[PDB]
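Q:
Numbering (the entry's author numbering), first residue to last: 30 to 642.
#1: For a test of the three-state rule: what should DSSP assign to residue 300, helix, strand or coil?
#2: Is it buried or exposed, residue 359, if we count other Cβ atoms within 10 angstroms and call 16 or more buried?
#3: My assumption, with CB atoms under 8 Å, is that residue 575 sits in contact with residue 585. Please give the rounded CB distance.
#4: Whole angstroms are fine: how far does the CA of residue 263 sit from the CA of residue 361?
#5: Should residue 577 go down as buried or exposed, given a rule of 16 or more other Cβ atoms within 10 Å for buried?
#6: I need the straight-line Cα distance from residue 115 to residue 462, nearest angstrom please.
#7: Can you check DSSP and say which residues form a bridge with residue 639?
#8: Mark residue 385 as exposed unless 16 or more other C-beta atoms lie within 10 angstroms of its C-beta, in which case mark it buried.
#9: Ignore the nearest five residues each way along the sequence and tell me which others in residue 643's own chain have a CB closer than 6 Å to its CB.
#10: Compare the beta carbon distance of residue 312 and residue 353 with 7 Å and say whether it is the shorter of the two.
#11: What are the partner residues of residue 15, as DSSP defines its beta bridges?
#12: Under a three-way DSSP split, which group does residue 167 fall into?
#13: State whether the region 544 to 561 contacts the region 609 to 626, with contact taken as three or more CB pairs (one from each stretch) at a distance under 8 Å.
#14: Sorted by chain position, which residues of the same chain lie with C-beta nearer than 7 Å to residue 422's C-beta, five sequence neighbours on each side aside?
#15: Distance check for residue 103 and residue 500, CA to CA, integer angstroms please.
#16: With a threshold of 7 Å on Cβ separation, who are the neighbours of residue 544 within its own chain once the five nearest residues in sequence on each side are excluded?
#17: Tell me, to the nearest whole angstrom, how far the beta carbon of residue 502 is from that of residue 613; I am working on the premise that it is less than 8 Å.
#18: Taking Cβ positions, are residue 404 and residue 440 nearer each other than 7 Å?
#19: Under 6 Å: does the beta carbon of residue 284 sit that close to some heavy atom of the ligand NAP?
#20: How would you call residue 370, buried or exposed, if buried means at least 16 neighbouring beta carbons within 10 angstroms?
#21: Counting beta carbon pairs with one atom in the region 417 to 433 and one in the region 373 to 382, are three or more of them shorter than 8 Å?
#22: CB-CB under 6 Å to residue 573, same chain, minus the five flanking residues each way: which ones, in chain order?
#23: In chain order, what residues of the same chain lie with their CB nearer than 8 Å to the CB of residue 174, ignoring the 5 residues before and after it?
#24: Which residue wins for smallest C-alpha separation from residue 229, given the options 93, 258, 267?
#25: Would you call the region 80 to 93 and the region 132 to 149 in contact, with 3 or more CB pairs under 8 Å?
#26: Are the beta-carbon atoms of residue 131 and residue 107 separated by less than 7 Å?
#27: Verify whether the separation of the beta carbon atoms of residue 221 and residue 244 is less than 7 Å.
#28: From which residue to which residue does the alpha helix (DSSP H) around residue 474 run?
#29: Does the Cβ-Cβ distance between residue 559 and residue 479 come in under 7 Å?
#30: On the DSSP letters alone, give me the boundaries of the alpha helix (DSSP H) that residue 8 sits inside.
#31: Give the list of continuous alpha helix (DSSP H) stretches no shorter than 4 residues that lie fully inside the region 93 to 165.
#32: Should residue 568 be labelled buried (16 or more other beta-carbon atoms within 10 Å of its own) or exposed?
#33: At which residues does the alpha helix (DSSP H) containing residue 634 begin and terminate?
#34: Just verifying my parser: in three-state terms, what is the DSSP assignment at residue 188?
#35: Give the single residue among 290, 367, 425, 326 whose Cα lies nearest to the Cα of residue 603.
#36: Smallest Cα separation from residue 596: which of 561, 566, 632, 607?
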């Protein structure tokens, strides 16, 4: 018989356990019964035995919520001094700092001082406020004289580095000697342009170098031309260590390079000759490409340490910097050939650079039906399916991922095909992508909301593939999706942009929680898409960037250009978030162009050269 278990579900959070106990003889089969038992135990947790919690931890250890029980239970264990049972279940990979610190306490009270000192110092040297357990640990750690001036100074630095100046200030007011330079650090950290006053910061001690160094690093981010000028002064004037000095040059160099300033080149060149910092290594090359310096760019691309030389990026830019530098040479067509077989952005360029067609190569992986049935007979699946069939997506979704925590490369691919078959495309994309079987393109690039999208493309004169590309990149088809600063929907329409876009074009919205609707979200998103499309002369390369980065930023990234190669421009976008965003959308469009029977090339004829001239 089937069971309306909600009755028991209502009872527990909040209230009593009576209906659950009543129904527990029936629900022994049902896969969601463990969620009730869980909630049952948790509401009476402080009273329950070890043996009972341990019995539950074993037999329902697979549940998503189980780490919270571990946390709640371990708190108690420690708060009674039941440390034997504590260390039996303490696990750093739960990533609760409260526990880490409690395990820190345990160490100090059980002989393990080397382990506790290093455990304490690891949790100390961290520039955010840590949980109230860690106070107790830093207390014991302090009590054994380990909390020296040096280390309180170092956490002060990390705090100011993170802009958490309340913690920074608190710590500066715990510096027996360096009370001054510590306060002076927070002032520089807050306004690094203060270092214009070279007399007021020229006291040749190791702590004063520490503040100017922090200052110069932050100042670089927003006024790099000033930090470069001030670095020439402070280097002679102060006791900068060798590696204190390089991390200043890094910041300035990267900051100058993102503004296409050639004075980055001599700095980066001297201060990281070995190519030990991959980001400098990447941006020196990027900058050479922007400045049109192909001969030099090509030289950097041979020096790359293998893990960069490996990437399909620098494989391309070795072939292309060469070709720009030596136009008549044939050596590049060899290298493009090696690379043109891949199914990524730089791969498509390589194929586009040889005039030969793209290599998509859809071929679903070799699957075992023992593996498919084993994963369907895992309880997590049966649970997640049950949440989906009931219609609580957040639950069903949560189960899928916490099961995907420890499936091997064979097993993850089973999940993906199980999900794709249920018209549930986002878990299918997520599961397959963590399995890394890239070649399944019916799962990775599905034809979701195709009714809505194909129509809304023609509505506003935009190739269908470009909308599929943008949506797939922005949400991976997750009808209700949200970001770390709060963009809403399939086309990640921003709260700000959401309302205005509606008014200006001629369709009416309702709210924040009306951008979950597909036919809403997709309609006004496609409007804003065409707005920028037109804003930049139907150039998807620029417009796609604008959709993510803002037209204002994209205009900024065109001062003052002249016949810029499209591929150089994409590479020389200062933001890493935006560069990758653009490369995906372009490449996704190629894939969707195929699947919608309408060949999109990576770049259109008129997208290839552009400027603000």
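Virtual Cβ for every residue (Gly too), placed ideally from N, Cα, C.
A: This is what the structure gives:
#1: By one-based count along the chain shown, residue 300 stands at place 271. Three-state DSSP puts residue 300 in a helix.
#2: Taking the chain shown and counting its residues from 1, the one referred to as residue 359 is at position 330. Label assigned to residue 359: exposed.
#3: Here residue 575 corresponds to residue number 546 of the chain shown, with the count starting at 1. Here residue 585 corresponds to residue number 556 of the chain shown, with the count starting at 1. So it is not a contact: roughly 11 Å between Cβ atoms.
#4: Residue mapping note: residue 361 aligns to position 332 of the chain shown, counting from 1. Residue mapping note: residue 263 aligns to position 234 of the chain shown, counting from 1. So the alpha carbons of these two residues sit roughly 45 Å apart.
#5: Mapped onto the chain shown, residue 577 falls at position 548. The residue is buried, with at least 16 neighbouring Cβ atoms inside 10 Å.
#6: The residue given as residue 115 occupies position 86 in the chain shown. The residue given as residue 462 occupies position 433 in the chain shown. When rounded, the distance between both Cα atoms is 36 Å.
#7: Translated into positions along the chain shown, residue 639 becomes position 610. By DSSP's assignment, residue 639 forms a beta bridge with 593.
#8: Within the chain shown, numbered from 1, the residue matching residue 385 stands at position 356. Looking at its Cβ environment, which holds fewer than 16 other Cβ atoms inside 10 Å, residue 385 is exposed.
#9: Residue 643 is absent from the model: the chain starts at 30 and stops at 642.
#10: One-based indexing of the chain shown puts residue 312 at position 283. One-based indexing of the chain shown puts residue 353 at position 324. Here residue 312 is not near residue 353, since their CB atoms are 7 Å or more apart.
#11: Since the first residue shown for the chain is 30 and the last is 642, residue 15 is missing from the structure and cannot be characterised.
#12: Along the chain shown, one-based indexing puts residue 167 at 138. Helix, per DSSP.
#13: The answer is no - the region 609 to 626 does not touch the region 544 to 561, with fewer than three Cβ pairs under 8 Å.
#14: Residue numbering aside, residue 422 sits at position 393 when the chain shown is read from its first letter. Nothing listed; no residue qualifies.
#15: Position 471 of the chain shown, counted from the start, is the residue given in the question as residue 500. Position 74 of the chain shown, counted from the start, is the residue given in the question as residue 103. So the alpha carbons of these two residues sit roughly 43 Å apart.
#16: Taking the chain shown and counting its residues from 1, the one referred to as residue 544 is at position 515. Answer for residue 544: 517, 518, 522, 527, 550, listed in chain order.
#17: The residue you call residue 502 lines up with position 473 of the chain shown. The residue you call residue 613 lines up with position 584 of the chain shown. Yes, they are in contact, since the Cβ atoms of residue 502 and residue 613 sit about 5 Å apart, within 8 Å.
#18: Position 375 of the chain shown holds residue 404. Position 411 of the chain shown holds residue 440. Closer than 7 Å, so yes.
#19: As for the ligand NAP, it is missing from this structure, which has no ligand bound.
#20: In the chain shown, the residue the question calls residue 370 occupies position 341. Exposed is the call here.
#21: By the C-beta criterion, the region 373 to 382 is judged not to be in contact with the region 417 to 433, since fewer than 3 inter-stretch pairs fall below 8 Å.
#22: For the purposes of this step, residue 573 is identified with residue 544 of the chain shown, where counting begins at 1. Only 611, 614 meet the Cβ criterion.
#23: As a working note, residue 174 is residue 145 in the chain shown. Apart from the 5 residues on each side of it in sequence, residue 174 has no Cβ closer than 8 Å to any other Cβ in its chain.
#24: Looking up residue 229 in the chain shown gives position 200. Per the Cα distances, 267.
#25: no
#26: Position 102 of the chain shown, counting from 1, holds the residue named residue 131. Position 78 of the chain shown, counting from 1, holds the residue named residue 107. Yes, the pair counts as a contact, with Cβ atoms nearer than the cut-off.
#27: As a working note, residue 221 is residue 192 in the chain shown. As a working note, residue 244 is residue 215 in the chain shown. Cβ distance < 7 Å, so residue 221 and residue 244 count as in contact.
#28: As a position in the chain shown, residue 474 is number 445, starting the count at 1. Taken as a continuous stretch (DSSP letters only), residue 474 belongs to no alpha helix (DSSP H), as it is neither H nor E.
#29: Numbered from 1 along the chain shown, position 530 holds the residue referred to as residue 559. Numbered from 1 along the chain shown, position 450 holds the residue referred to as residue 479. In terms of Cβ geometry, residue 559 and residue 479 do not form a close pair [threshold 7 Å].
#30: With the chain running from 30 to 642 in the structure shown, residue 8 is simply not present.
#31: 95 to 108, 112 to 118, 126 to 137, 142 to 153
#32: By one-based count along the chain shown, residue 568 stands at place 539. Buried: at least 16 other Cβ atoms inside 10 Å.
#33: Within the chain shown, the letter at position 605 stands for residue 634. Careful: residue 634 lies outside any alpha helix (DSSP H) and carries neither H nor E.
#34: As a first step, residue 188 must be located in the chain shown, where it is residue number 159. Correct three-state label for residue 188: helix.
#35: As a first step, residue 603 must be located in the chain shown, where it is residue number 574. Closest by alpha carbon: 290.
#36: On the chain shown, residue 596 is found 567 positions in, with the first residue counted as 1. Considering only alpha carbons, the answer is 632.
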